[PDB]
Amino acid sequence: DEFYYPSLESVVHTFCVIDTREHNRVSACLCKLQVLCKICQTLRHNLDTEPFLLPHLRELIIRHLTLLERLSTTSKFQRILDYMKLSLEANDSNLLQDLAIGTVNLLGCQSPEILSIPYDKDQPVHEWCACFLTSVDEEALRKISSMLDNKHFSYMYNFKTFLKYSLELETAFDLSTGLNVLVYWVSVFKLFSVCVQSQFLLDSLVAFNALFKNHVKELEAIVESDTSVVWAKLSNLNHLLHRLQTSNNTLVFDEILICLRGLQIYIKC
């Protein structure tokens, strides 16, 4: 269950756990520094991929719709699918609203009673998803809720993780599970659309880069409380951290990781 970005709260909690369990304050700082190196590296990956995420998700719903075509029985049904599919190809300002009306209209065909629940423009995603999902056990709903109710975006699960749960929605290729998957992926698309327009990933990355600097500093000040190896390695870290403001790239993160491993091993003995 990888994250697109983890919340600050999760990280502060992780740091506390580390503070409570490493004795050596220099170790502890170094653990936190690994943890932060990983995160900023993943987050850099995720940001470099970001400009492709919503195009990709558009095309994914289209495929899924394209698979739904095989289960069509009515000409209304297929016309809803065509509207949805085609919409997903262009930039209508109301794409996201139409994707949800669209999804409920499909659901209407197979079950007409559902159609006179009133469409709430501003109803939260996870609440829509919960509403229109059918025949899903309460453990799945929970997981889905933990993913879709992400505390006003304090975190965001990643694409691969949402794929993993879509596969668990599939357990015998009938229409209902078909429309379940559509609900899920439209939800997920709504959520990523907000998360990408607001640029939450950029924000998170800035914050955690800050946090990452603040611990390199914190590590110097800690070691300055005990001209050999440490001080070469610390100059490396410093140079690395330094270059990281020119070039936030994965290569730089790989050196920082091994540099950190560098110190941990030295300080063990």
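The first residue of the shown sequence is 1; numbering continues from there.
Where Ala172 is followed by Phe173 in the displayed chain, the model omits 1 to 3 of the deposited residues that sit between the two. Per the record, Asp226 and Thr227 are separated by 4 to 9 deposited residues that have no coordinates. As the entry records it, the average C-alpha temperature factor is higher for 258-266, out of 258-266 and 3-11.
Two stretches are in play, 136-144 and 82-90, and the higher mean C-alpha B-factor belongs to 136-144.
As recorded in the PDB entry, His239 shows the highest C-alpha B-factor of the residues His239, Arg58, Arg44, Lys32. Sorting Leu179, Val188, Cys195, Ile117 by the CA temperature factor given in the entry leaves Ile117 at the top. For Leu99, the recorded CA B-factor ranks within the lowest third of the chain. Only modelled residues enter the ranking. When the CA B factors of the chain's modelled residues are split into thirds, the value for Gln110 lands in the highest one. When the modelled residues of the chain are ordered by their C-alpha B factor, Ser75 lands in the highest third. Sorting the modelled residues of the chain by their CA temperature factor places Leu68 in the middle third. Among all modelled residues in this chain, the alpha-carbon of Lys213 has a temperature factor (C-alpha) in the middle third.
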